[PDB]
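Student: The structure's right below; bear with me while I get my questions together.
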Amino acid sequence: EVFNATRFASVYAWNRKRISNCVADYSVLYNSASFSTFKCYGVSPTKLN
Amino acid sequence: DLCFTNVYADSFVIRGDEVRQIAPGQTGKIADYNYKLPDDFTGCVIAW
Ligand SMILES: CCCCC/C=C\C/C=C\CCCCCCCC(=O)O
Ligand SMILES: *[C@@H]1O[C@H](CO)[C@@H](O)[C@H](O)[C@H]1NC(C)=O
C-alpha cells in the first residue's frame, strides 16, 4: 500500500502516514521492486534486521 | 608509482540500479545472496 500504490501526491502537498504493529521484513521487495536511490543516515543497513 | 602483491580480478554482469550495491556494506539482493565484499577491502571497483 506504500510502495505499490496507484497515485502519489504532489511535493507541495506531500503525504504522511503512520506505521504500527507490523514486522519489517523487506526481502519481500526483492521480487518486484528495484530502487535507484537508497540511503540511511543514523543507522547502518546491515543492522536493520 | 607503486607495486602490487596479489592481484586478482573478478568479473560479472549485473543491472544498472544494482551497481551501488558493490561496496563493503550495502545490504540488498546482490550483496546478500550473490556477491559480497569485505570490510577491510583494498582494491578498486570499475563498472561500465
Ligand atoms: C512500510 C514501512 C516499513 C517500516 C520500516 C521501518 C524500518 C526498517 C527500515 C528500512 C527498511 C526499508 C526497506 C529497505 C529497502 C530494501 C533494500 C534492502 O535493504 O534490502
Ligand atoms: C503492483 O502489484 C504487484 C505487487 O507486488 C507487483 O508485482 C506489480 O509489479 C505492481 N504493478 C504495478 C503497479 O506496476
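Naming works like this for the C-alpha cells: A, B, ... for the chains as they're shown, residue 1 at the start of each chain, ligands 1 onward in shown order.
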Contacts of residue 26 of chain B at 12 Å or less, counting only C-alpha atoms, minus same-chain residues fewer than 5 places along, as a VMD selection string?

Tutor: (chain A and resid 37 to 40 44 to 48) or (chain B and resid 18 to 21 31 to 32 35 to 39)

Student: Using only C-alpha atoms and all ligand atoms, find each protein or nucleic acid residue lying at most 12 Å from ligand 1; present the set as a VMD selection string.

Tutor: (chain A and resid 1 to 5 16 to 49) or (chain B and resid 17 to 18 20 to 21 25 to 33)

Student: Go through chain B and collect every residue that DSSP, computed from the backbone, puts in helix (DSSP H, G or I); the answer should be as a PyMOL selection string.

Tutor: chain B and resi 16-21+29-33

Student: Take the residues from that selection and write them out as a JSON list (two decimals), in the first residue's frame, keeping C-alpha atoms.

Tutor:
```
[["chain", "number", "residue", "atom", "x", "y", "z"],
["B", 16, "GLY", "CA", 22.34, -0.77, -13.62],
["B", 17, "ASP", "CA", 20.32, 0.02, -10.50],
["B", 18, "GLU", "CA", 22.33, -2.65, -8.62],
["B", 19, "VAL", "CA", 25.79, -1.16, -9.18],
["B", 20, "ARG", "CA", 25.54, 0.88, -5.97],
["B", 21, "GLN", "CA", 25.50, -2.48, -4.17],
["B", 29, "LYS", "CA", 19.67, -8.72, -3.22],
["B", 30, "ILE", "CA", 23.09, -8.75, -4.88],
["B", 31, "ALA", "CA", 25.09, -8.32, -1.69],
["B", 32, "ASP", "CA", 23.14, -10.82, 0.42],
["B", 33, "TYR", "CA", 22.95, -13.82, -1.93]]
```

Student: Between B:45, B:40, B:15, B:22, which residue has the minimum interatomic distance to chain A, considering only C-alpha atoms?

Tutor: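 Closest to chain A of all the choices is B:15.
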
Student: Neighbouring residues of residue 44 of chain B were defined as those with any atom within 12 Å, considering only C-alpha atoms; residues of the same chain fewer than 3 positions away were excluded. Please report them as a short mmCIF file (atom, residue, chain, number, x, y, z; two decimals) with C-alpha atoms, in the first residue's frame.

Tutor:
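What follows is the written file around.cif:
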```
data_model
loop_
_atom_site.label_atom_id
_atom_site.label_comp_id
_atom_site.auth_asym_id
_atom_site.auth_seq_id
_atom_site.Cartn_x
_atom_site.Cartn_y
_atom_site.Cartn_z
CA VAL B 7 46.33 -9.19 -7.85
CA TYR B 8 43.02 -10.89 -8.58
CA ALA B 9 40.35 -9.68 -10.99
CA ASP B 10 36.70 -10.67 -10.54
CA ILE B 22 29.14 -3.30 -4.99
CA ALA B 23 30.58 -1.81 -1.82
CA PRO B 24 31.69 -3.04 1.62
CA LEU B 37 32.96 -7.53 -0.43
CA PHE B 41 38.88 -4.15 1.34
CA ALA B 47 31.75 -0.58 -13.97
#
```
